[PDB]
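This report refers to the structure that appears directly beneath it.
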Amino acid sequence: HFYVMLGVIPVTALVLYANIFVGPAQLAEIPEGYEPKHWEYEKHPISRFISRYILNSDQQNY
Amino acid sequence: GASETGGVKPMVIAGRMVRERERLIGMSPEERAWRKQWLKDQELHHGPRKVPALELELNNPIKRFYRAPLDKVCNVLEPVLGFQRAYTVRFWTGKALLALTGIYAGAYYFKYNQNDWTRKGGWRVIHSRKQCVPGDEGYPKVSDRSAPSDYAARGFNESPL
Amino acid sequence: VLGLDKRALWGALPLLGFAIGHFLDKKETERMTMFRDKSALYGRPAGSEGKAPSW
Amino acid sequence: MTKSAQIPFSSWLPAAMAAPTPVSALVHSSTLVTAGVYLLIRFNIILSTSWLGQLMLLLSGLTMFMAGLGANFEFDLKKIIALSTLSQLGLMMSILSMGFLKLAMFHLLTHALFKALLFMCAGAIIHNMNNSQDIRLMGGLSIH
Amino acid sequence: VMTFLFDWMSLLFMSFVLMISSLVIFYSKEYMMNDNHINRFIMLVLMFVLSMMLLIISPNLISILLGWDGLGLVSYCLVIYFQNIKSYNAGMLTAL
Amino acid sequence: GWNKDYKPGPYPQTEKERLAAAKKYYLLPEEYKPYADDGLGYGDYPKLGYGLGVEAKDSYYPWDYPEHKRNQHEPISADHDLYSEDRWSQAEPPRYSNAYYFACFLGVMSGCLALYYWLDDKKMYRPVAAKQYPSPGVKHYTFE
Amino acid sequence: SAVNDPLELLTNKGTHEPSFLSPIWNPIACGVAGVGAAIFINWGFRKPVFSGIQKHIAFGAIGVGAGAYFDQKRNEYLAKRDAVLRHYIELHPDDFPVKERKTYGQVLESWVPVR
Amino acid sequence: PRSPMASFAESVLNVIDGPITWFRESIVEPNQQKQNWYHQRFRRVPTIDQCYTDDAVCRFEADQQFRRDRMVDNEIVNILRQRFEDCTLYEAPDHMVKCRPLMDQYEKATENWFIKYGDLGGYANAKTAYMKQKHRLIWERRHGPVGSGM
Amino acid sequence: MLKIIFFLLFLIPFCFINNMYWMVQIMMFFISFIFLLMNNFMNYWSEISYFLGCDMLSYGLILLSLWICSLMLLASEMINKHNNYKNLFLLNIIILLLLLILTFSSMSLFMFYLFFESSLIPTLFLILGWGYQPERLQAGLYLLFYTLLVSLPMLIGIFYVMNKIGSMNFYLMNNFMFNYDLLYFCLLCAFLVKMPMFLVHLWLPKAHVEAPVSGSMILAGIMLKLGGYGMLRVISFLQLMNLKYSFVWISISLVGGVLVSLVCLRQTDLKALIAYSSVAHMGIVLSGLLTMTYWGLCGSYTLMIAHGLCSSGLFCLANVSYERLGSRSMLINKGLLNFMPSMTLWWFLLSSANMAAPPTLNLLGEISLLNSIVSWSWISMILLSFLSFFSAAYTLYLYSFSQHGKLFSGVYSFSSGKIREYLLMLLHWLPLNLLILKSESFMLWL
């Protein structure tokens, strides 16, 4: 219980910090000539941060 | 050194007299005295004392951190209703708060962040048509949705694309 | 919290190995690049040398 | 048919007397045993006008007759009440084999009520007769 | 998928199962005074009832299989709660 | 003190080997009885009681091990799993033969299936017509 | 290219970049092998495993030099093999003919039904 | 408001709806930054028939668009099935009449899915569906439609 | 990838330092956490570094290998309490885990073969070194000679595929297709022995029993899955011939599943009954692999992932009764509910995971496997019902007879349960119910 609470408390702090103080992106049409990046293709800020800073893009592996 | 048994030698004491069939085939009177002494030893006069070291080791500091204000609520009501009637109203206050917190969180999740067409893993809510009897507004009533695209849209009809 | 003694300073060797493996993976994805922004799925129009690489 | 006992697979229901009586009450009323009846209420569209419904109707009436004769000849208290559970299962599965979901559901809720009440009565009587479930030893409990 | 069907029939049966189970638990409060494992008996019974709600509110066959396996396993465990070979044979029969 | 030390050996062709194997298994020579010389049959191991299971053995005898109903240094039967107290054992010998039970059950089943499925098209009915449902093409009349 | 020309398959265009470990793998692997061999010698004689580091230094230097020398000889061997294959392809143009490439659309063969 | 049960349910719904709407419009709706996320669009790489046998660059790209088209067509069949499920729930007594065009559209979708991706197996390349299409069109040419063939 | 491989390569010098047994499992769980982080994988090969790459099947198998080895260092505290050779044990475990990561992240068939048959030498070393039986020589020789006898002609088959095709890569060999009987037998029968058949199983119940706990984890956790991974890589280019010859193996595997499920009802050892229990579930895996459906391949991958945890967790449970009651006999192991009542939670939670259970990944693997086998033929509904009924007929027997009843008389005093053992059987069951959440990860490798 101690070591699941010591995990949950920074995790729940990061989840409310991501949803409340940053918030998810809004879906919109692609503007002409933008050529968007890979981390633009996801909605949640944690998913965007993971796809930008940690995980490799699909284009690179492809 | 690590002692798994508390420093005393573990052994059986009551012997062969714990079985009911071995008790009936025959007893020497020293075994009768040993069984009588074991039965007088197995009785307890007073209950277990409140060891504070067991409460210290069997409670993490996070548990005390999230149980401290309700413990203060139970302690300020301790001489008013006794120990038994204040721990009950303490235990049914935090649990009722947890139940209302879960109800409010589930209500917020299922009506403000339900599953839409852009995500698979959410809870996809489908509702049936309510029965309309006279005395309600608009009793001559047909199905409002008739198009195939209106069925199971999951918010696709308000898409910006 | 977690308990780490003086023997936890020996754990810099697997972190050094992790850094070496990450550097070798970075060199491998630096080399493996002739199809970068030239495939027919993730392609780019004329003027690709002016623009930045995608990865 | 095998989760809620019928003419095949009825041996498991009187076996559960070795369970303690309150969880035996929950096993024999409103839980586990009633799951098959609820599932067949869900599958009543297939079970209506079918050879499955005809066979299920025959086996449900046959387990009614089985349960009535077995509880008339049984000499154990909680086994008599488990046979009464079997008789009510036969009643609900035969009325859903006719095809009446609301009748099956109404008798389901009713049977759960009075059969948990019977098993609580039997547990109190057994707990005061000191674990003797034989109906021959018990006697004259209306005064006591 | 894991689905929940909230019908009037399912909600009425859920309320009846919960009320029967609560009365059985309040019965067990004084029925198990000479017992020693009440702290496993109450959790096993509550889990059995939870598996029963997981069977009732499910229209999916996979989720009915979830509640089905839960009912069978906790019913077998609560049959073999008593420690003798009669409860052993009863649990083996009600498990198969 | 391992499996290679205490193990069944070769078959006792001679009588002195039978006496040595009887003394090895803590059994009196008269009790000891080896298996057959076939391919499946064990060598040098005693053939214990295959009559009826552990429940037939006396539970009122003071055993060294009350579980399994055996004393110390007593040779365990080879099919101890099949003849255990849990599976395929009876405390008393059965009243009837094995085929009488199944014969009566499938006889009652065959009679009930036959008498039901003969009468499947002789269902009764009230003095009632078909249920009239309104249609835009077919109209129905009252009696007034 | 629409032809399966055998001469251009062996001809090095120069677009293949060598990896980071390709020029430097064999000297460092043979140096680690020499250091491990000295450690193995010190372990077999019940000496301390890092006693006498001059043997480790000499074994590592011998390994690095031998790995570099035999890697250069390996590269010259593979270059001569490539020249041999190109020369035999050039000398015999009848036994190895350019073969027209075929689109999948021209071929019609064998879906294996799973069913 | 026309029933005691309806009024009680309206009161419970108001008590439920109040604080969560306050928490959204008061706390969640402020301090949320505005960002744009986009649906990914893929260009159409040429298929498995418009390239040579010796090239493995085309086989990977056509296999990847075959897998992507498989996942898209699976979502077509899934949404067309969910339309029929929502028709069954929304038209609860009268599901027999209204859900028939949706069920016919879903059955045509299942039939076309089994035309294209049917009987390919777990290892379904882009070339395997193309050879299946070649043999299917040949069998349609010489033996008529499948189901009345010789 | 190279980060995990160089992490284990620089974790190799941790063994030679004294009093360093518990830091290695800490760093192994740390690299399992890092491998949980690197999860950008799709059905094709990604993170291509030289000859090393990874797809979703390889990701799940390397993650299972890391979890099984990290729990394998946690389970073996008997090696740490005694002065048995901890440095050699740690070196063998790190080398074996490195070989498993190398044979699962192999881009080609030949490097997969090379590290695949390099992996059996540390398993040989653990079986003949750290076991507690006189028949460890009978254990390791059966394993090595069975796998070597059927895997040597697979090398001839591998170079026949290389001579016909040219390449060793999995994708370029997926394009081709062969119509030869003997190539099919060579490239299949080694994996048909490496996962348990009915006829070829013998090495399994005579190598699980006489091994240590760590040999049991590494054999029933990841080395019954080397053959499954190999068949998932080989079956793609041998479809026509396996469609001719697959009814024999599927019928043998299904009848052998029913028969071995009948064997476990007549087993008097805890460690032998789980050894035969590995034969029955992998029989369902083998019967669903050869139908070549999407559901058969996905449910086979899901059931191998969900079986490598549950069989290893059952093998930890038989070890903590063998350490205390002194024997693996089923007659001795009786009434452990009154000895270790808190362990009985993990016994039933890991015995229920062996059968169909409500929250486990084993049910989602078993549902998707029975779909393909009932789809394959209608006659299989007779024997899948018998096999899946007999599976819980025997699997409930091990929990029922070991954890319920009267106590075994004449047992001496032993120690109680420990927090390490509760943590060890915690991490064998919470992955089984936390992976139904994000189950499209561990199922859709295609």
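Letters for chains follow the order of the structure tokens (A, B, ...), residue numbers begin at 1 for each chain, and ligand numbers begin at 1 in the order shown.
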
- request: Quick one: everything within 12 Å of residue 5 (chain A), counting only C-alpha atoms, minus sequence neighbours fewer than 4 positions away in the same chain. Send it as number ranges by chain.
  value: A: 1, 9-13; B: 60-63, 65-66; C: 1

Okay, now the selection with N, CA and C atoms, as an mmCIF file, in the first residue's frame?
```
data_model
loop_
_atom_site.group_PDB
_atom_site.id
_atom_site.type_symbol
_atom_site.label_atom_id
_atom_site.label_comp_id
_atom_site.auth_asym_id
_atom_site.auth_seq_id
_atom_site.Cartn_x
_atom_site.Cartn_y
_atom_site.Cartn_z
ATOM 1 N N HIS A 1 0.822 -1.208 0.000
ATOM 2 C CA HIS A 1 0.000 0.000 0.000
ATOM 3 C C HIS A 1 0.857 1.259 0.000
ATOM 4 N N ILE A 9 0.561 8.986 -6.124
ATOM 5 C CA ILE A 9 0.543 10.423 -5.792
ATOM 6 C C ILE A 9 1.299 11.311 -6.791
ATOM 7 N N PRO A 10 2.537 10.990 -7.232
ATOM 8 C CA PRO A 10 3.097 11.789 -8.340
ATOM 9 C C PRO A 10 2.406 11.549 -9.671
ATOM 10 N N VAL A 11 1.892 10.337 -9.905
ATOM 11 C CA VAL A 11 1.137 10.058 -11.125
ATOM 12 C C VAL A 11 -0.159 10.862 -11.157
ATOM 13 N N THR A 12 -0.903 10.898 -10.040
ATOM 14 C CA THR A 12 -2.142 11.676 -10.047
ATOM 15 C C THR A 12 -1.866 13.177 -10.061
ATOM 16 N N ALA A 13 -0.724 13.617 -9.504
ATOM 17 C CA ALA A 13 -0.324 15.016 -9.631
ATOM 18 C C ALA A 13 -0.038 15.381 -11.083
ATOM 19 N N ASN B 60 1.871 2.379 7.335
ATOM 20 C CA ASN B 60 2.818 3.237 6.650
ATOM 21 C C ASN B 60 2.526 4.701 6.982
ATOM 22 N N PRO B 61 3.524 5.591 6.849
ATOM 23 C CA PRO B 61 3.272 7.024 7.097
ATOM 24 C C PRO B 61 2.273 7.677 6.149
ATOM 25 N N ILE B 62 2.065 7.122 4.952
ATOM 26 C CA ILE B 62 1.042 7.644 4.050
ATOM 27 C C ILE B 62 -0.353 7.378 4.615
ATOM 28 N N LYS B 63 -0.543 6.210 5.249
ATOM 29 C CA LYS B 63 -1.820 5.869 5.879
ATOM 30 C C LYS B 63 -2.156 6.815 7.024
ATOM 31 N N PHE B 65 -0.919 9.820 7.203
ATOM 32 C CA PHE B 65 -1.056 11.126 6.564
ATOM 33 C C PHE B 65 -2.460 11.347 6.009
ATOM 34 N N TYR B 66 -3.081 10.311 5.443
ATOM 35 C CA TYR B 66 -4.437 10.472 4.927
ATOM 36 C C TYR B 66 -5.511 10.060 5.931
ATOM 37 N N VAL C 1 10.922 5.556 1.839
ATOM 38 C CA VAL C 1 11.483 5.724 0.505
ATOM 39 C C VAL C 1 12.461 4.597 0.200
#
```

Which residues of region 51-95 of chain G have any atom within 8 Å of an atom in region 22-38 of chain G when counting only C-alpha atoms, and what is the closest pair of atoms for each, with the distance in Å to one decimal? Order the rows by chain and rising number and write it as a Markdown table.
```
| residue | atom | partner | partner_atom | distance |
| --- | --- | --- | --- | --- |
| G:55 | CA | G:38 | CA | 6.4 |
| G:56 | CA | G:35 | CA | 5.0 |
| G:57 | CA | G:35 | CA | 7.5 |
| G:59 | CA | G:34 | CA | 4.7 |
| G:60 | CA | G:31 | CA | 4.1 |
| G:61 | CA | G:31 | CA | 6.7 |
| G:62 | CA | G:31 | CA | 7.6 |
| G:63 | CA | G:30 | CA | 4.6 |
| G:64 | CA | G:27 | CA | 4.2 |
| G:65 | CA | G:27 | CA | 7.0 |
| G:66 | CA | G:27 | CA | 7.4 |
| G:67 | CA | G:27 | CA | 4.5 |
| G:68 | CA | G:27 | CA | 5.7 |
| G:71 | CA | G:26 | CA | 7.0 |
```

Take the residues from that selection and write them out as a compact mmCIF listing (two decimals), in the first residue's frame, keeping N, CA, C and O atoms.
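Generated output (selection.txt):
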```
# COMPACT_ATOMS: atom_id res chain seq x y z
N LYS G 55 51.02 -7.27 -18.68
CA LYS G 55 50.55 -8.36 -19.53
C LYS G 55 49.22 -8.01 -20.19
O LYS G 55 49.02 -8.32 -21.37
N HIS G 56 48.32 -7.35 -19.45
CA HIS G 56 47.05 -6.91 -20.02
C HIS G 56 47.25 -5.85 -21.10
O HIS G 56 46.60 -5.90 -22.15
N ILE G 57 48.18 -4.91 -20.86
CA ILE G 57 48.46 -3.85 -21.83
C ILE G 57 49.10 -4.43 -23.10
O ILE G 57 48.71 -4.07 -24.22
N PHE G 59 48.84 -7.59 -24.19
CA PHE G 59 47.86 -8.43 -24.87
C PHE G 59 46.82 -7.58 -25.60
O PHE G 59 46.43 -7.92 -26.73
N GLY G 60 46.40 -6.46 -25.00
CA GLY G 60 45.48 -5.56 -25.68
C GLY G 60 46.09 -4.88 -26.88
O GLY G 60 45.43 -4.71 -27.91
N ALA G 61 47.37 -4.48 -26.78
CA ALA G 61 48.05 -3.86 -27.92
C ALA G 61 48.27 -4.85 -29.06
O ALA G 61 48.11 -4.49 -30.23
N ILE G 62 48.63 -6.09 -28.71
CA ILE G 62 48.78 -7.15 -29.71
C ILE G 62 47.45 -7.45 -30.39
O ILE G 62 47.38 -7.60 -31.62
N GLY G 63 46.36 -7.47 -29.61
CA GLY G 63 45.04 -7.68 -30.18
C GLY G 63 44.58 -6.56 -31.09
O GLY G 63 44.03 -6.82 -32.16
N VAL G 64 44.83 -5.30 -30.69
CA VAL G 64 44.45 -4.15 -31.52
C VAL G 64 45.24 -4.13 -32.83
O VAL G 64 44.66 -3.94 -33.91
N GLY G 65 46.55 -4.38 -32.76
CA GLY G 65 47.36 -4.42 -33.97
C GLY G 65 47.01 -5.56 -34.90
O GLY G 65 46.91 -5.37 -36.12
N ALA G 66 46.80 -6.76 -34.35
CA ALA G 66 46.43 -7.91 -35.16
C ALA G 66 45.04 -7.76 -35.76
O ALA G 66 44.81 -8.14 -36.91
N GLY G 67 44.10 -7.17 -35.00
CA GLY G 67 42.77 -6.93 -35.52
C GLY G 67 42.75 -5.91 -36.64
O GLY G 67 42.06 -6.10 -37.64
N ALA G 68 43.53 -4.83 -36.50
CA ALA G 68 43.61 -3.83 -37.57
C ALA G 68 44.28 -4.40 -38.82
O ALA G 68 43.80 -4.17 -39.95
N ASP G 71 41.95 -7.01 -40.38
CA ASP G 71 40.78 -6.35 -40.95
C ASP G 71 41.11 -5.68 -42.28
O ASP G 71 40.30 -5.71 -43.21
```

field: Computed interatomic separation between CA of residue 19 (chain B) and CA of residue 39 (chain B) (Å)
entry: 13.9 Å

task: Enumerate as a PyMOL selection string all residues of region 11-182 of chain I assigned to helix (DSSP H, G or I) by DSSP on the backbone, naming them with the chain letters and numbers the document uses.
output: chain I and resi 11-14+21-37+56-75+78-81+86-104+109-118+120-130+136-165+170-175+181-182

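Neighbours of region 37-49 of chain H closer than or equal to 8 Å, with only C-alpha atoms counted and sequence neighbours fewer than 4 positions away skipped, come out as residues 25, 26, 27, 28, 29, 30, 40, 41, 42 and 43 of chain A; 40, 41 and 42 of chain C; 103, 104 and 105 of chain G; 58, 59, 61, 62, 63, 65, 126, 127 and 130 of chain H.
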
message: Based on only C-alpha atoms, which of the residues in chain H come within 10 Å of chain B? I want them as a PyMOL selection string.
response: chain H and resi 2+13+15-21+23-24+38-39+79-92+98-99+101-102+105

Kindly export the residues of the current selection with N, CA and C atoms, as an mmCIF file, in the first residue's frame.
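The resulting file, result_5.cif, is shown below:
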```cif
data_model
loop_
_atom_site.group_PDB
_atom_site.id
_atom_site.type_symbol
_atom_site.label_atom_id
_atom_site.label_comp_id
_atom_site.auth_asym_id
_atom_site.auth_seq_id
_atom_site.Cartn_x
_atom_site.Cartn_y
_atom_site.Cartn_z
ATOM 1 N N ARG H 2 -44.176 15.316 -13.390
ATOM 2 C CA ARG H 2 -45.539 14.802 -13.399
ATOM 3 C C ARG H 2 -45.731 13.606 -12.476
ATOM 4 N N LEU H 13 -30.860 14.090 -10.273
ATOM 5 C CA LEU H 13 -30.096 14.507 -11.445
ATOM 6 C C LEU H 13 -29.566 15.930 -11.301
ATOM 7 N N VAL H 15 -28.834 17.460 -8.334
ATOM 8 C CA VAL H 15 -27.773 17.381 -7.325
ATOM 9 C C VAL H 15 -26.516 16.736 -7.910
ATOM 10 N N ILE H 16 -26.688 15.766 -8.810
ATOM 11 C CA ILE H 16 -25.543 15.163 -9.490
ATOM 12 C C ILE H 16 -24.914 16.151 -10.472
ATOM 13 N N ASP H 17 -25.742 16.870 -11.237
ATOM 14 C CA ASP H 17 -25.271 17.693 -12.345
ATOM 15 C C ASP H 17 -24.622 18.997 -11.892
ATOM 16 N N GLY H 18 -25.005 19.520 -10.723
ATOM 17 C CA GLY H 18 -24.522 20.803 -10.248
ATOM 18 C C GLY H 18 -23.023 20.954 -10.015
ATOM 19 N N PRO H 19 -22.476 20.231 -9.025
ATOM 20 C CA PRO H 19 -21.039 20.363 -8.711
ATOM 21 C C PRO H 19 -20.083 19.955 -9.823
ATOM 22 N N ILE H 20 -20.440 18.994 -10.678
ATOM 23 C CA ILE H 20 -19.532 18.613 -11.759
ATOM 24 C C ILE H 20 -19.494 19.692 -12.841
ATOM 25 N N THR H 21 -20.630 20.352 -13.095
ATOM 26 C CA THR H 21 -20.644 21.472 -14.033
ATOM 27 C C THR H 21 -19.913 22.676 -13.452
ATOM 28 N N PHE H 23 -17.338 22.348 -11.384
ATOM 29 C CA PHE H 23 -15.931 21.969 -11.472
ATOM 30 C C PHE H 23 -15.400 22.088 -12.891
ATOM 31 N N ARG H 24 -16.246 21.854 -13.895
ATOM 32 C CA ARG H 24 -15.789 22.004 -15.271
ATOM 33 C C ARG H 24 -15.673 23.474 -15.659
ATOM 34 N N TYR H 38 -4.429 16.858 -35.273
ATOM 35 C CA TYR H 38 -4.923 16.625 -36.620
ATOM 36 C C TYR H 38 -5.051 15.137 -36.902
ATOM 37 N N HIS H 39 -6.023 14.801 -37.745
ATOM 38 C CA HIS H 39 -6.158 13.448 -38.264
ATOM 39 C C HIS H 39 -5.097 13.211 -39.330
ATOM 40 N N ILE H 79 -18.508 -0.143 -37.725
ATOM 41 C CA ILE H 79 -19.451 0.969 -37.614
ATOM 42 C C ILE H 79 -20.800 0.595 -38.227
ATOM 43 N N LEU H 80 -20.790 -0.177 -39.321
ATOM 44 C CA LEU H 80 -22.049 -0.624 -39.917
ATOM 45 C C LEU H 80 -22.771 -1.645 -39.043
ATOM 46 N N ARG H 81 -22.038 -2.393 -38.215
ATOM 47 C CA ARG H 81 -22.683 -3.265 -37.239
ATOM 48 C C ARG H 81 -23.218 -2.475 -36.048
ATOM 49 N N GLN H 82 -22.472 -1.456 -35.606
ATOM 50 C CA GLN H 82 -22.919 -0.619 -34.495
ATOM 51 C C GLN H 82 -24.139 0.216 -34.866
ATOM 52 N N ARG H 83 -24.280 0.561 -36.151
ATOM 53 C CA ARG H 83 -25.494 1.216 -36.635
ATOM 54 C C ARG H 83 -26.712 0.316 -36.471
ATOM 55 N N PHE H 84 -26.555 -0.976 -36.769
ATOM 56 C CA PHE H 84 -27.645 -1.931 -36.594
ATOM 57 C C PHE H 84 -27.959 -2.158 -35.119
ATOM 58 N N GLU H 85 -26.927 -2.172 -34.268
ATOM 59 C CA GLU H 85 -27.146 -2.302 -32.825
ATOM 60 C C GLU H 85 -27.878 -1.088 -32.251
ATOM 61 N N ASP H 86 -27.517 0.117 -32.704
ATOM 62 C CA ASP H 86 -28.216 1.321 -32.266
ATOM 63 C C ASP H 86 -29.631 1.389 -32.833
ATOM 64 N N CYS H 87 -29.853 0.826 -34.026
ATOM 65 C CA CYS H 87 -31.210 0.694 -34.554
ATOM 66 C C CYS H 87 -32.046 -0.250 -33.703
ATOM 67 N N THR H 88 -31.439 -1.345 -33.236
ATOM 68 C CA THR H 88 -32.158 -2.304 -32.404
ATOM 69 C C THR H 88 -32.494 -1.715 -31.038
ATOM 70 N N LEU H 89 -31.580 -0.930 -30.460
ATOM 71 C CA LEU H 89 -31.871 -0.318 -29.164
ATOM 72 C C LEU H 89 -32.847 0.847 -29.280
ATOM 73 N N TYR H 90 -32.696 1.694 -30.304
ATOM 74 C CA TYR H 90 -33.541 2.882 -30.400
ATOM 75 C C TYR H 90 -34.956 2.529 -30.846
ATOM 76 N N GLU H 91 -35.088 1.626 -31.812
ATOM 77 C CA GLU H 91 -36.393 1.101 -32.207
ATOM 78 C C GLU H 91 -36.609 -0.242 -31.513
ATOM 79 N N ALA H 92 -37.015 -0.167 -30.240
ATOM 80 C CA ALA H 92 -37.025 -1.377 -29.414
ATOM 81 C C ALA H 92 -38.171 -2.340 -29.738
ATOM 82 N N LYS H 98 -37.545 -1.306 -39.388
ATOM 83 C CA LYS H 98 -36.653 -0.176 -39.648
ATOM 84 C C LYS H 98 -35.209 -0.616 -39.860
ATOM 85 N N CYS H 99 -34.797 -1.724 -39.242
ATOM 86 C CA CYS H 99 -33.379 -2.077 -39.246
ATOM 87 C C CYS H 99 -32.999 -2.898 -40.473
ATOM 88 N N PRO H 101 -32.918 -2.052 -43.943
ATOM 89 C CA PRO H 101 -31.892 -1.497 -44.845
ATOM 90 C C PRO H 101 -30.489 -1.499 -44.256
ATOM 91 N N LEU H 102 -30.393 -1.265 -42.944
ATOM 92 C CA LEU H 102 -29.099 -1.309 -42.268
ATOM 93 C C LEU H 102 -28.540 -2.722 -42.224
ATOM 94 N N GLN H 105 -27.335 -3.509 -45.741
ATOM 95 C CA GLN H 105 -26.066 -2.824 -45.980
ATOM 96 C C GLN H 105 -24.919 -3.502 -45.242
#
```

- prompt: Residues at most 8 Å from region 24-28 of chain E, counting only C-alpha atoms, excluding those fewer than 5 positions away in the same chain, as a list in words?
  reply: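 Using only C-alpha atoms, the neighbours found are residues 22, 23, 25, 26 and 120 of chain D; 42 of chain E.
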
Same residues, N, CA, C and O atoms, output as a short mmCIF file (atom, residue, chain, number, x, y, z; two decimals), in the first residue's frame:
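Writing done, so here's result-v6.cif:
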```cif
data_model
loop_
_atom_site.label_atom_id
_atom_site.label_comp_id
_atom_site.auth_asym_id
_atom_site.auth_seq_id
_atom_site.Cartn_x
_atom_site.Cartn_y
_atom_site.Cartn_z
N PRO D 22 -25.36 -19.86 5.73
CA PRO D 22 -25.64 -18.58 5.03
C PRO D 22 -25.12 -18.50 3.60
O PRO D 22 -25.82 -18.00 2.71
N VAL D 23 -23.93 -19.04 3.32
CA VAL D 23 -23.50 -19.02 1.93
C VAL D 23 -24.20 -20.13 1.15
O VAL D 23 -24.40 -19.98 -0.06
N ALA D 25 -27.40 -20.61 1.63
CA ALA D 25 -28.60 -19.83 1.33
C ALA D 25 -28.38 -18.94 0.11
O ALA D 25 -29.24 -18.87 -0.77
N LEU D 26 -27.23 -18.28 0.05
CA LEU D 26 -26.93 -17.44 -1.11
C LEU D 26 -26.69 -18.27 -2.37
O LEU D 26 -27.03 -17.84 -3.47
N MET D 120 -32.54 -19.43 6.11
CA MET D 120 -32.21 -18.78 7.38
C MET D 120 -32.91 -19.45 8.55
O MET D 120 -32.31 -19.62 9.63
N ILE E 42 -16.52 -13.36 4.98
CA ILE E 42 -17.25 -12.17 4.54
C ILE E 42 -16.71 -11.66 3.20
O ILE E 42 -17.49 -11.29 2.32
#
```

field: Test item: residues at most 12 Å from residue 9 (chain B), only C-alpha atoms, excluding those fewer than 5 positions along its chain, as a ChimeraX atom specification
entry: /B:3-4 /I:413-414

- request: Would you kindly return, as a VMD selection string, each protein, DNA or RNA residue with an atom no farther than 10 Å from any atom of residue 20 (chain I), considering only C-alpha atoms and excluding same-chain residues fewer than 3 positions away?
  value: (chain C and resid 7 to 8 10) or (chain I and resid 14 to 17 23 to 25 86 to 87 90)

statement: What separates CA of residue 6 (chain F) and CA of residue 72 (chain F) is a distance of 15.8 Å

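Proximity ranking of B:87, B:155, B:138, B:77 relative to residue 125 (chain B) places B:155 first, based on only C-alpha atoms.
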
- request: Determine, counting only C-alpha atoms, which protein, DNA and RNA residues have an atom within 7 Å of an atom of region 350-359 of chain I; residues of the same chain fewer than 3 positions away are not included. Present the result as a VMD selection string.
  value: (chain E and resid 66 to 67 69 to 70) or (chain I and resid 310 313 to 314 346 to 347 362 to 363 391 to 392 395 399 429 433)

I need the chosen residues saved as a CSV table (one decimal), in the first residue's frame, with C-alpha atoms.
```csv
chain,number,residue,atom,x,y,z
E,66,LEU,CA,-16.4,-13.6,-16.8
E,67,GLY,CA,-19.3,-13.6,-14.3
E,69,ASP,CA,-16.2,-18.3,-14.1
E,70,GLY,CA,-16.3,-15.9,-11.1
I,310,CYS,CA,1.1,-18.5,-14.7
I,313,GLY,CA,4.0,-18.6,-10.8
I,314,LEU,CA,2.7,-22.1,-10.1
I,346,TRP,CA,-1.8,-16.9,-4.3
I,347,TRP,CA,-2.4,-20.7,-4.9
I,362,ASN,CA,-5.3,-16.6,-20.2
I,363,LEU,CA,-9.0,-16.5,-20.9
I,391,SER,CA,-8.1,-28.9,-17.6
I,392,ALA,CA,-10.0,-27.6,-14.6
I,395,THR,CA,-6.0,-28.0,-12.1
I,399,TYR,CA,-5.1,-26.5,-5.2
I,429,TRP,CA,-0.5,-12.5,-11.2
I,433,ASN,CA,-4.9,-8.9,-15.0
```

query: Which residue gives the smallest distance to chain I among H:97, H:120, H:9, H:72, with only C-alpha atoms counted?
result: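 With only C-alpha atoms as the atom set, the closest residue is H:120.
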